[PDB]
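Residue-level structure breakdown
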Amino acid sequence: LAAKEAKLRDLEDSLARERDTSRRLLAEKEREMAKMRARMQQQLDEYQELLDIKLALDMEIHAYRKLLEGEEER
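Residues numbered from 1 in each chain as written, not as in the entry; some residues may be left out. Heavy atoms only, no water.

Its PDB header names X-ray crystallography as the technique used to obtain the model and reports a resolution of 3.70 Å.

The protein appears in the PDB entry as Prelamin-A/C from Homo sapiens.

Looking only at helices and strands, one finds one helix and zero strands in the protein. The C-alpha radius of gyration computed for the protein amounts to 32 Å, which surpasses the reference 11 Å derived for 74 residues by more than 25%, pointing to a less compact arrangement than a globule. Projecting the C-alpha coordinates of the protein onto the three principal axes gives extents of approximately 110 × 15 × 5 Å. In the protein, buried positions account for 0% of the 74 residues. Accessible area of the protein: about 7,400 Å², with a carbon and sulfur share of 59%. Charge separation in the protein, taken as the distance between the mean sites of 16 positive and 19 negative side-chain charges, equals 11 Å. (Helix = DSSP H or I, 4+ residues; strand = E, 2+ residues; numbered from the N terminus. Rg over C-alpha atoms; globule rule 2.2 N^0.38 Å. Buried < 20%, exposed > 50% of the residue type's maximum accessible area, 1.4 Å probe, protein only. Areas by Shrake-Rupley, 256 points an atom, 1.4 Å probe, with all protein chains shown as cover. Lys, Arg positive; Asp, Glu negative; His and termini not counted. Charge placed at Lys NZ, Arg CZ, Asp CG, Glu CD.)

It is worth spelling out a nonpolar patch on the surface at this point. Residues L50, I53 and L57 make up a contiguous nonpolar surface patch of about 280 Å² in total accessible area. On the secondary structure map, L57 appears in helix 1 (residues 8-71). (Patch = residues over 30% accessible without salt bridge, like charges linked within 9 Å, V, L, I, M, F, W, Y side chains within 5 Å. Salt bridge = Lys/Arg side-chain N within 4 Å of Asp/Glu carboxyl O.)

Quick look at the pattern of salt bridges now. This model, assessed by the stated rule, comprises nine salt bridges. The partner of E12 in a salt bridge is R9, and the shortest N-O contact between them spans 3.3 Å. Taken together, the residues span about one helical turn, with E12 and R9 both in helix 1 at a distance of three residues. On the basis of relative accessible area, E12 is assigned to the partly exposed category, the value being 39%. Between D13 and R17 there is a salt bridge; the shortest N-O distance is 3.7 Å. Remark: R17 and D13 occur in helix 1; sequence separation between them is four residues, near one turn of the helix. Linked by salt bridges that have partners in common, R31, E32, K35 and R39 make up one network.

So, in structure tokens, the structure goes:
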């Protein structure tokens, strides 16, 4: 037991630090995925909205086309 508390209680010094360093990290990572799952859904909405405009344009495009069918017929 000459240098037992210079090793057993020096092992416990890092187990409180390694547990914590991993934890401060795992959290820092789980925080980053949280925002990333948030951009990844806010972006799906941005697309869903745009598609519903593109579809609404394709609509009129056939109408302006059917209008011309009459206007320009021999």
